[PDB]
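Some notes on the structure that comes next.
Quick note: residue numbers are just sequence positions, from 1. Only heavy atoms go into these numbers, but all of them, side chains included; no hydrogens, no water, no symmetry mates.
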Amino acid sequence: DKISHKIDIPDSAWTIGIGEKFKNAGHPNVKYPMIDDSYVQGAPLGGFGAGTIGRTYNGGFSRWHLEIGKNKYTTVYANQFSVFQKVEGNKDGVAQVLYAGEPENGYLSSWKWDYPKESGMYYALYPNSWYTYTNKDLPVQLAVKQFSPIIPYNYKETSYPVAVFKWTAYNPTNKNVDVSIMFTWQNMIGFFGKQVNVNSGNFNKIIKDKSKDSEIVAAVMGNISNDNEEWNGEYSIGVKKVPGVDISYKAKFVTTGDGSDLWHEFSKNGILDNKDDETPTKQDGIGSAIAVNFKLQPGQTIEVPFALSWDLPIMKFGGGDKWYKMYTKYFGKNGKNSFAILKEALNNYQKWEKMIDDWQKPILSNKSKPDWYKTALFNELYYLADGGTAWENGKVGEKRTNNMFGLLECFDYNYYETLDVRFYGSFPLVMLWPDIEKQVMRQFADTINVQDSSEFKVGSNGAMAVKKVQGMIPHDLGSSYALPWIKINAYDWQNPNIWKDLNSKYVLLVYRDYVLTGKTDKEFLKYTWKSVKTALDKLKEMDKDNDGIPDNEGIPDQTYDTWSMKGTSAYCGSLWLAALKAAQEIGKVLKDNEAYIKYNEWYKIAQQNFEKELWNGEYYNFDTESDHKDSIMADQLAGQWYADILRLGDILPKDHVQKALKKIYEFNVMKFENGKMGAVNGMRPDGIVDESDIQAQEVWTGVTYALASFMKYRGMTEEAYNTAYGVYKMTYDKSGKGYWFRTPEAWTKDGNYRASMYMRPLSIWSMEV
Ligand SMILES: OC[C@@H]1[C@@H](O)[C@H](O)[C@@H](O)c2[nH]cc[n+]21
Ligand SMILES: [Ca+2]
């Protein structure tokens with residue numbers, strides 16, 4: 001490996017060998033079908049709301065999130081980079097697809113598949129990833145850096161449906177070597193969203209953009225239809241000329257054939273036919289190829305950038321609504337703009353690299369933090385793009401000031417912005433994209449007094465319940481299978497209108513968003529104030545014994561949606577205390593004296609009774625009325641965790657908080673698989689895991705990272721990082737279960753999981769407050 005020194009990969013990048021088999025992989029531990037796409041994954045490409053494409057560590061374009069809200073795992077085999085090399089003096093060269101695998105059927109059988117093992121590495125530090133190719137039959141060593149311009153405090157480039165592939169080639173040998181790099185792509189119009197005739201009318205064209213000191217050559221893969229529909233648009237691949245390289249291309253090869261129409265050209269001398277051909281296809285799948293060829297002398301390095309764009313302007317949801325995607329603000333809505341997007345990337349990628357370096361540098365340059373922590377901190381952010389992210393720039397046929405946004409809970413539970421989860425998972429948005437975060441919270445504010453009296457069947461018990469109650473915050477803002485932003489509370493396993501955490505978490509999120517953006521946004525507090533007061537006032541009505549605290553009802557009426565709480569719970573009780581303190585402070589800021597007084601009065605009574613009912617001398621009891629009320633809950637003081645972040649001070653005595661945190665580390669962490677797997681949710685005082693429900697026996701990745709944050713703020717530095725390390729290990733390490741780029745909600749002691757690709761573990765960013 002002589003190529004590593006010619007590029008700059010951070011030591012904290014996650015690494016794996018190209019073609020590596022992983023032996024320890026976890027699988028779902030639930031009874032009904034659940035997504036398991038395997039451990040062959042990678043860091044995604046694509047901006048927020050753009051649709052994303054997961055290119056795996058084996059080189060394949062395999063995890064398709066281009067249909068917004070859906071996860072489709074299938075390798076499109078025509079989509080590849082390939083290499084040709086010939087040493088000066090030899091009669092033949094060699095050609096090789098850079099993919100550690102082969103197609104299942106006979107399509108593209110002429111291509112040279114099965115990139116060999118132990119011949120290259122994959123590296124990832126989101127939004128960047130890299131491959132190196134160090135192969136005994138490839139004298140010239142190659143590397144690529146791939147990325148999309150995902151940039152904090154930037155709402156423009158961050159939305160773009162584009163990826164850059166910056167290649168570096170170096171000749172460590174003593175002979176001249178001719179080298180070609182080829183990018184192939186299938187015309188994927190019709191891959192989704194088209195009910196019949198899926199390739200019909202697809203056609204490819206070549207764009208040559210020549211202007212002084214610039215030549216770009218690109219293929220634009222579109223359809224002859226000018227219809228404005230979810231399925232229609234364009235893909236483009238292309239390359240920018242640099243000194244010492246020539247460009248060749250092939251506009252049309254057949255993907256549903258043996259591929260020799262292309263490969264016979266590339267494998268001979270690494271140079272394509274430059275054949276333009278705009279003939280549309282009928283049944284056959286078609287693709288395009290863009291290549292560069294150059295000669296490298298001994299010791300010579302060259303850099304060449306390729307790019308990929310996709311202009312699919314319209315997203316359609318299952319309930320029928322069609323919306324334009326955010327990037328259309330910058331490039332247009334007609335779906336004929338892929339080249340413009342590609343060109344912007346090829347002409348500005350060096351600037352984008354620097355912008356990414358500039359935001360990663362403060363963390364990467366901090367030598368007090370271990371590299372493993374940096375690996376997790378950056379790579380967990382994959383989910384902001386990969387989470388079915390929807391970001392609208394108008395309803396088709398409809399202009400407003402704001403652009404609505406939604407991140408999925410996950411794909412198995414296809415709900416936008418699940419609020420009990422975003423309480424944990426939204427830290428990166430408030431910290432890095434706060435205008436999105438505040439927009440999402442205003443979306444929730446607007447729903448507070450919505451009332452939908454139609455009824456739905458509650459999954460857990462079969463009872464009928466009202467869809468949406470006035471004054472109750474919704475669980476979620478809908479499903480991609482239905483109508484995001486329009487039809488809320490798609491979730492139906494429990495009735496969220498009686499949940500005891502949503503209204504308090506809503507208030508805490510509002511105040512968090514004010515505090516963590518500088519305590520300056522009075523306008524945001526003003527916008528949300530009526531909803532805050534309404535939310536707390538409605539929750540107070542659920543106090544059934546006048547102890548000043550809402551009563552959990554002996555069912556799962558909060559985020560642990562199969563784990564029953566009854567009476568005053570540590571979890572919901574502490575959230576309530578903190579929400580009351582937050583509302584007091586908002587009242588002060590807004591000069592609402594009567595609100596300050598009322599919430600102060602409720603706070604003092606509730607605080608006294610919380611302490612009386614639950615403090616047992618060592619920790620706070622799970623609740624006051626359950627069968628295992630004395631279980632040690634990992635999340636027992638979630639309200640105090642948020643109070644620390646919001647700078648609301650002590651809601652409970654410092655000494656008792658410290659004892660409780662120490663107890664949690666001693667038990668829920670250290671007595672669970674020797675503290676190497678995170679914090680199990682519920683542990684009995686005898687040090688055996690609580691078996692009352694499956695959720696008690698689960699480690700929740702987002703709960704554990706948030707607990708680590710809590711410990712860290714409280715000066716329990718070793719405990720904090722040790723607790724978080726188990727989550728990192730299970731997700732990324734060779735000794736873990738292979739969950740990189742699909743961090744799940746939960747695992748059990750055997751390491752098997754529930755709900756991969758989950759929002760909650762984005763809470764690792766609470767460790768950076
Ligand atoms: O894992 C627990 C989570 C809950 O916290 C969410 O509120 C809910 O939408 C849901 N559905 C399935 C699983 N879950
Ligand atoms: Ca009560």
Q. Just by modelled atom types, is the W740 backbone N or O under 3.5 Å from a matching donor or acceptor in the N379 side chain?
A. no
Q. Got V292 and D246 here, is their nearest side-chain heavy-atom distance under 4.5 Å?
A. no
Q: Decide whether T279 and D277 meet the rule of one side-chain donor and one side-chain acceptor closer than 3.5 Å.
A: yes
Q) Are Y383 and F741 near enough that their ring centres are under 6.0 Å apart? A) no
Q) How about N414 and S480: does a side-chain donor come under 3.5 Å of a side-chain acceptor? A) yes
Q) Does the gap between the ring centers of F317 and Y481 come in under 6.0 Å? A) no
Q) Out of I3, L142, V140, which one pairs with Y133 under the side-chain contact (heavy atoms from CB on, under 4.5 Å) rule? A) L142
Q | Proximity of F253 and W111 rings by center, below 6.0 Å | A | yes
Q: Carefully, step by step, assess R400 and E392 under the rule salt bridge (charged side-chain N to carboxylate O under 4.0 Å, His left out).
A: CA-CA 11 Å; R400 286 165 290 110; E392 61 84 23; 2.8 Å; yes
Q) Side chains of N393 and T328: donor-acceptor distance under 3.5 Å anywhere? A) yes
Q.
Using the rule ring-ring contact (aromatic ring centres under 6.0 Å, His included), only one of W310, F191, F411, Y73 pairs with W64; which is it?
A. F191
(Q) Centre-to-centre under 6.0 Å for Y123 and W14, is that the case here? (A) no
**Q.** Side-chain donor or acceptor of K351 paired with backbone N/O of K354 under 3.5 Å
**A.** no
Q) Is a side-chain donor-acceptor pair under 3.5 Å present for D276 with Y249? A) yes
Q. So among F81, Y349, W130, which one has a ring-ring contact (aromatic ring centres under 6.0 Å, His included) with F165?
A. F81
Q. Do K240 and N347 have side-chain N/O donor and acceptor atoms under 3.5 Å apart?
A. yes
Q: For residues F266 and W263, establish whether the separation of their ring centroids is below 6.0 Å.
A: yes
Q) Looking just at side-chain N and O atoms, do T56 and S62 make a donor-acceptor pair shorter than 3.5 Å? A) no
Q: Check the side chains of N202 and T281 for a donor-acceptor pair under 3.5 angstrom, ignoring hydrogens and angles.
A: no
Q. Taking the side chain from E417 and the backbone from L407, do they hold a donor-acceptor pair closer than 3.5 Å?
A. yes
Q: Give the intermediate values and the outcome of side-chain contact (heavy atoms from CB on, under 4.5 Å) for residues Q360 and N128.
A: CA-CA 11 Å; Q360 294 191 326; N128 291 328; 4.1 Å; yes
Q. Among all residues two or more places apart in sequence or in another chain, which pass the side-chain hydrogen bond (donor to acceptor under 3.5 Å, both in side chains) test with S82?
A. none
**Q.** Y122 ring center within less than 6.0 Å of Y131 ring center
**A.** yes
Q.
Can you confirm whether the side chains of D258 and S109 place a donor and an acceptor under 3.5 Å from each other?
A. no
Q | Close aromatic pair by centroid cut-off 6.0 Å: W433 and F48 | A | yes
Q) Just checking, any donor-acceptor pair under 3.5 angstrom between side chains of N489 and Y415? A) no
Q: Indicate yes or no: at least one non-hydrogen side-chain atom of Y416 is less than 4.5 angstrom from one of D476.
A: no
(Q) Any side-chain to backbone donor/acceptor pair from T389 onto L384? Under 3.5 Å, distance only. (A) yes
Q) For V164, does its backbone N or O pair with a side-chain atom of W352 as donor and acceptor, under 3.5 Å? A) no
Q: From the options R742, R63, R55, select the one residue that forms a side-chain hydrogen bond (donor to acceptor under 3.5 Å, both in side chains) with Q41.
A: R63
Q: Say whether, by atom type as modelled, one donor and one acceptor occur between the side chain of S756 and the main chain of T743 under 3.5 angstrom.
A: no
Q: Test salt bridge (charged side-chain N to carboxylate O under 4.0 Å, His left out) on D273 and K250 and set out the steps.
A: CA-CA 6 Å; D273 59 16; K250 181 160 182 61; 2.8 Å; yes
Q. For the atom pair CD1 (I290) and OG (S236), what is the distance rounded to the nearest 0.5 Å?
A. 7.5 Å
Q: Side-chain contact test, heavy atoms from C-beta onward, threshold under 4.5 Å: evaluate it for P44 versus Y126 and give yes or no.
A: yes
(Q) Quiz question: by atom type and distance under 3.5 Å, do the side chains of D37 and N71 form a donor-acceptor pair? (A) yes
**Q.** pair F427-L432: side-chain heavy atoms closer than 4.5 Å
**A.** no
Q: Determine yes or no for a side-chain-to-main-chain donor-acceptor pair under 3.5 angstrom, with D311 supplying the side chain and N337 the backbone.
A: yes
Q: Let me see the working for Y115 and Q96 under side-chain hydrogen bond (donor to acceptor under 3.5 Å, both in side chains), right down to the final yes or no.
A: CA-CA 7 Å; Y115 186 82; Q96 173 69 59; over 6 Å; no
Q: Compare all side-chain heavy atoms of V179 with those of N293 and state whether any distance is below 4.5 angstrom.
A: no
Q: Is it possible for you to check whether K145 lies under 6.0 Å from the centre of the six-membered ring of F147, through NZ or CZ, and within 45° of that ring's axis?
A: yes
Q) Passes side-chain hydrogen bond (donor to acceptor under 3.5 Å, both in side chains), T517 versus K438? Steps please. A) CA-CA 10 Å; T517 60; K438 288 166 175 175; 3.0 Å; yes
Q. According to the salt bridge (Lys or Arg N to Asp or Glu O under 4.0 Å) rule, which pairs have a member within residues 207-235, sequence neighbours left out?
A. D209-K343, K210-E215, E229-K322
Q.
What I'd like to find out is whether the side chain of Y99 reaches to under 4.5 Å of the side chain of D114, using heavy atoms alone.
A. no
(Q) Is there a side-chain contact between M188 and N79 in this structure, where contact means two heavy atoms from C-beta onward sitting under 4.5 Å apart? (A) yes
(Q) One pair to check against side-chain contact (heavy atoms from CB on, under 4.5 Å): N154 and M355. What are the steps and the verdict? (A) CA-CA 10 Å; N154 179 311; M355 293 166 92; 4.1 Å; yes
Q | Criterion side-chain contact (heavy atoms from CB on, under 4.5 Å) on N197 and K282, from CA distance to verdict | A | CA-CA 8 Å; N197 299 318; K282 282 195 56 168; over 6 Å; no
Q: Might you point out which heavy atoms bring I286 and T255 nearest each other, and give the distance in Å?
A: N-OG1, 3.4 Å
Q) Counting only N and O atoms by type, is there a donor-acceptor contact under 3.5 Å from the side chain of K325 to the main-chain atoms of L312? A) yes
**Q.** Beyond-backbone contact of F84 with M182, side-chain heavy atoms, under 4.5 angstrom
**A.** no
Q) Can you list the steps and then say if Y155 with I436 is a side-chain contact (heavy atoms from CB on, under 4.5 Å)? A) CA-CA 8 Å; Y155 306 90; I436 289 168; 3.9 Å; yes
**Q.** is_close_aromatic(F378, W359), centroid dist under 6.0 Å
**A.** yes
Q | Donor-acceptor pair, side chain of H65 and main chain of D386, under 3.5 angstrom | A | yes
Q: Assess whether atom NZ of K487 is packed by more than 12 heavy atoms of other residues, nucleotides or ligands within 6.0 Å.
A: no
Q. Looking at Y107 versus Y77, is the centre-to-centre ring distance below 6.0 Å?
A. no
Q. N187 side chain to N204 main-chain N or O, any donor-acceptor pair under 3.5 Å?
A. no
